[PDB]
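*Asks:*
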Amino acid sequence: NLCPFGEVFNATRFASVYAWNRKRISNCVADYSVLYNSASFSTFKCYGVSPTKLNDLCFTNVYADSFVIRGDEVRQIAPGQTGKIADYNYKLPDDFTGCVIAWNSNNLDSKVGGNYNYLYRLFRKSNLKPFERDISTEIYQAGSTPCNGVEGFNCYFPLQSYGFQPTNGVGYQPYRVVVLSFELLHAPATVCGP
Amino acid sequence: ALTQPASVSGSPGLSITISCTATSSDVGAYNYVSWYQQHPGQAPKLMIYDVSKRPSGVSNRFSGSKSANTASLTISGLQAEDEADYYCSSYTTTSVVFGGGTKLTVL
Amino acid sequence: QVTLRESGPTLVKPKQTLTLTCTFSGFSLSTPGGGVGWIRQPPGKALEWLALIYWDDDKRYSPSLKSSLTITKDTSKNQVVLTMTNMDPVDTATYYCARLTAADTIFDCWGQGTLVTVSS
Ligand SMILES: *[C@@H]1O[C@H](CO)[C@@H](O)[C@H](O)[C@H]1NC(C)=O
Numbered sequence: 183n184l185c186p187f188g189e190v191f192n193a194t195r196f197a198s199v200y201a202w203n204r205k206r207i208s209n210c211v212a213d214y215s216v217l218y219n220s221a222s223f224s225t226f227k228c229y230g231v232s233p234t235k236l237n238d239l240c241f242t243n244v245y246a247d248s249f250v251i252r253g254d255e256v257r258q259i260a261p262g263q264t265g266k267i268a269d270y271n272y273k274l275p276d277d278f279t280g281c282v283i284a285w286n287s288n289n290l291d292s293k294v295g296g297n298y299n300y301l302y303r304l305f306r307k308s309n310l311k312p313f314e315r316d317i318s319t320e321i322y323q324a325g326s327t328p329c330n331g332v333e334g335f336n337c338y339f340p341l342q343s344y345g346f347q348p349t350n351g352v353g354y355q356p357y358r359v360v361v362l363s364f365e366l367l368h369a370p371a372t373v374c375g376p
Numbered sequence: 014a015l016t017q018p019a020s021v022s023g024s025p026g027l028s029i030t031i032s033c034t035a036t037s038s039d040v041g042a043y044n045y046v047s048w049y050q051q052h053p054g055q056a057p058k059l060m061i062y063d064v065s066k067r068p069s070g071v072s073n074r075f076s077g078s079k080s081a082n083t084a085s086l087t088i089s090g091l092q093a094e095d096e097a098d099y100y101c102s103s104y105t106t107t108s109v110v111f112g113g114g115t116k117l118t119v120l
Numbered sequence: 005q006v007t008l009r010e011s012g013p014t015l016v017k018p019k020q021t022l023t024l025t026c027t028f029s030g031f032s033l034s035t036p037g038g039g040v041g042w043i044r045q046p047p048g049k050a051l052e053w054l055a056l057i058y059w060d061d062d063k064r065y066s067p068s069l070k071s072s073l074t075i076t077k078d079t080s081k082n083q084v085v086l087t088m089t090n091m092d093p094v095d096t097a098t099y100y101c102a103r104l105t106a107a108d109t110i111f112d113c114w115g116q117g118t119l120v121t122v123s124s
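Protein chains in written order, with the working numbering: chain W, 183 to 376; chain P, 14 to 120; chain R, 5 to 124.
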C-alpha cells in the first residue's frame, strides 16, 4: 500500500532544469505530516494549498518534478514571476496547485573546482511554454548570418557551464527543488491517505 | 593560504582559543571550515567538521565560531589531554588549504 | 567501518615516477558526495592537499602540481592509484590518503600514512 514518497526526495542524483524528470504518483497514502515536520525543508511555502492539513485531502493524478537551481532563483520558480529560469528552463503554470519545496543541498552536490554535472539553459529566441521539456540543444541564433553548427558570434550554446562552487553566498549555493503538482480532477482518486 | 598564530600556550585548567584568519581572498564567503587535532606521531583526526557542529563519538567539549572571516577553536578547561597540534582547513576557490601548524603547549 | 591504509613502495630515486596506492574498505565510492583524497606533510611542516577523486571520476589536482599528479580510481577492487613523476628531494614527506564523505565534512576519516622518502 505504501509508495516511494522518499525516493523522490532522497533520490541518488536529480536532473538539470533543462531536462527535469517527471514522475507519476499512484496508489499512495497521503502521509504529508512527516514531510512538513522533517525540519530540513527550508522553503515549504505552498501557493494555493496550506502547508499543513494536507492529510485530510487527496487528489487524482498528482505528479512530481526534480531539478536544482541557485539560491537567488529559488523565488523564480513560482507562478508569480519569471525572467531567467521560468522563461527558458522550467516554468510553472498560473493555475498550478502544489509547491516548490526545496532544501539546501550544499553537502553532496558541490565539489572543489567546477561542478559541470548540472546545467541550465541560456537565452533563446522563443518563450518557454508551461510544462515543457526542451531536450534539444540547437545553437541559438541571435538574428542574421546563420552559423549553422558553428560557435562564436551570436551562436553561443543554450546550455551554460554552471560552476557550483563550494564557497558561495546564501543565494549561490545548490538547492534541490521538488515540485508536487496536484492534478485536481473529478475521477475516482487513487492517492489518498487516512 | 590561511594564517594562524605560531604557537599558543596556556596553563592547565584555564580556557584558551586558537585563531585562524582568511587574509587571502581565496575563500568566497568562508562557509565551510574544519579543524584537525593532529596527535603527533600517527595521524591527524577530525574534531569539528562544520563551523560549530562537531562529529559524533570523538567529542567532549570542543566547539568553534566565526564572525566575518576568522575561525576559532574554543576549548574547555581540559588541557591535560596531550601536546596536540591543531590545523584549520577550509575550501578555497581552486584548492583545499590547510593553514599552518600551532604547537599548543600546556604549562 | 571506514578504514584507510596505505600500501606500496617507500624508497625511490630522483627523476622517477612514483606509484602510491591505499586500499579502502567499509564504505562505498559511488555514494553521493563521496571521494578519497591525498595529503602530504614534510617533517616539521604543515599539510597540503595534493589531489583527490570524486564519485563521477573527476580528477581535481593542485594548481602547482597540475601536470604531474594524476589520480585514478578502481571501484571493482576498491583501489586508488596515484601517479606522479619528477621525484625531487623536496617531495620527501609522508603521504596520507583521506576519505571525503561529503562536501560539508572535510576529510572525516584518515589513514595511517607511509613515510615516502626521495633520496639516492
Ligand atoms: C531521507 O533520509 C533522511 C535520513 O535517512 C530521513 O530523515 C528523511 O526522512 C528521508 N526522506 C524522506 C522523505 O523520508
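Virtual Cβ for every residue (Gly too), placed ideally from N, Cα, C.
From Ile-283(W), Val-199(W), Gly-295(W), pick the residue whose C-alpha is nearest to that of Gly-41(P); which is it?
*Replies:* With distances taken between Cα atoms, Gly-41(P) lies closest to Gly-295(W).
*Asks:* By the 10 Å Cβ neighbour count, where 16 or more other Cβ atoms means buried, how is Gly-331(W) classified, buried or exposed?
*Replies:* The residue in question, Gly-331(W), is exposed, as its Cβ has fewer than 16 Cβ neighbours within 10 Å.
*Asks:* Verify the CB distance criterion: does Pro-18(P) have a CB-CB separation below 8 Å to chain R?
*Replies:* Cβ-Cβ to chain R under 8 Å: no for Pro-18(P).
*Asks:* Given a cut-off of 8 Å, decide if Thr-27(R) and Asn-82(R) are closer than it, judged by their beta-carbon atoms.
*Replies:* Contact: yes.
*Asks:* Need the endpoints of the alpha helix (DSSP H) that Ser-76(P) sits in, please.
*Replies:* Unbroken run through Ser-76(P) is the beta strand (DSSP E), 76 to 79; no alpha helix (DSSP H).
*Asks:* Does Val-40(P) come out as helix, strand or coil in the three-state DSSP assignment?
*Replies:* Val-40(P): coil per DSSP, three-state reduction.
*Asks:* Using a Cβ-Cβ cut-off of 8 Å (strictly less than) and excluding sequence neighbours within five positions of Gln-263(W), which residues of its own chain qualify?
*Replies:* Taken in chain order, the residues that qualify are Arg-257.
*Asks:* Straight-line CA distance for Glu-96(P) to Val-250(W)?
*Replies:* Their Cα atoms are separated by approximately 46 Å.
*Asks:* Collect the residues with a C-beta less than 5 Å away from any heavy atom of ligand 1 and give them in sequence order along the chain.
*Replies:* Residues with a Cβ closer than 5 Å to any heavy atom of ligand 1, in chain order: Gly-188(W), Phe-191(W), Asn-192(W).
*Asks:* Quick check on DSSP: helix, strand or coil for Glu-10(R)?
*Replies:* In this structure, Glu-10(R) counts as strand in the three-state DSSP scheme.
*Asks:* For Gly-12(R) and chain A, any beta-carbon pair shorter than 8 Å?
*Replies:* Absent from the structure: chain A. Protein chains present are W, P and R.
*Asks:* Under 8 Å between beta-carbons, which chain R residues line up against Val-294(W)? List them in chain order, please.
*Replies:* The answer, in chain order, is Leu-56, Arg-64.
*Asks:* Apart from the five residues just before and just after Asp-277(W), which ones in its own chain have a Cβ nearer than 6 Å to its Cβ?
*Replies:* Same-chain partners within the cutoff: there are none.
*Asks:* Just verifying my parser: in three-state terms, what is the DSSP assignment at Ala-201(W)?
*Replies:* Here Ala-201(W) sits in helix by DSSP.
*Asks:* Contact defined as beta carbons within less than 8 Å: I believe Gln-50(P) pairs with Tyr-104(P). What is the distance between those atoms, to the nearest angstrom?
*Replies:* In fact, because the Cβ distance is near 20 Å, the residues do not count as touching under 8 Å.
*Asks:* Around the C-beta of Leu-56(R), are 16 or more other C-beta atoms found within 10 angstroms, so that it is buried, or is it exposed?
*Replies:* Result: buried.
*Asks:* Please classify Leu-362(W): does DSSP put it in a helix, a strand, or coil?
*Replies:* The answer is coil: DSSP assigns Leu-362(W) none of H, G, I, E or B.
*Asks:* Flag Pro-67(R) as yes if its beta-carbon sits less than 8 Å from any beta-carbon of chain W, otherwise no.
*Replies:* Chain W, which has no Cβ nearer than 8 Å to the Cβ of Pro-67(R), makes this no.
*Asks:* Quick check for students: name the residue ranges of the beta strand (DSSP E) that lie wholly in the segment 209 to 291 of chain W, counting only runs of 3 or more.
*Replies:* Qualifying beta strand (DSSP E) stretches, in chain order: 245 to 251, 284 to 286.
*Asks:* Tell me whether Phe-111(R) is buried or exposed, calling it buried when 16 or more other Cβ atoms sit within 10 Å of its Cβ.
*Replies:* Per the 10 Å Cβ criterion, buried.
*Asks:* Any contact of the segment 110 to 124 of chain R with the segment 13 to 24 of chain R, i.e. 3+ C-beta pairs under 8 Å?
*Replies:* Yes: the two stretches touch, three or more of their Cβ pairs being nearer than 8 Å.
*Asks:* Can you check whether the C-beta of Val-110(P) is within less than 8 Å of a C-beta belonging to chain W?
*Replies:* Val-110(P) does not count as touching chain W.
*Asks:* When you compare only the Cα positions, how much space is there between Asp-61(R) and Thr-76(R)?
*Replies:* Going from the Cα of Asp-61(R) to the Cα of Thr-76(R) covers about 8 Å.
*Asks:* By Cβ distance below 6 Å, which residues in the same chain neighbour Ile-283(W) in space, the five residues on each side in sequence not counted?
*Replies:* Cβ within range, chain order: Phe-223, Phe-226, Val-360.
*Asks:* According to DSSP, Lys-116(P) sits in a beta bridge with which residue or residues?
*Replies:* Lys-116(P) is bridged to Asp-98(P).
*Asks:* If we count the other Cβ atoms within 10 Å of its Cβ and call it buried at 16 or more, is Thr-349(W) buried or exposed?
*Replies:* Under this definition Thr-349(W) is a buried residue.
*Asks:* Go ahead and label residue 132(W) buried or exposed: buried means 16 or more other beta carbons lie within 10 angstroms of its beta carbon, across all protein chains shown.
*Replies:* Because residue 132(W) is not part of the residues shown, which for chain W are 183 to 376, the question remains open.
*Asks:* Straight-line CA distance for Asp-78(R) to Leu-33(R)?
*Replies:* Using only the alpha carbons, I get a separation of about 9 Å.
*Asks:* Rounded to a whole number of angstroms, what is the C-alpha to C-alpha distance between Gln-92(P) and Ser-24(P)?
*Replies:* Looking at the two C-alpha atoms, the distance is approximately 8 Å.
*Asks:* Sort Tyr-99(R), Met-91(R), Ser-72(R), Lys-70(R) by Cα distance to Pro-57(P) and report the nearest one.
*Replies:* With distances taken between Cα atoms, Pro-57(P) lies closest to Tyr-99(R).
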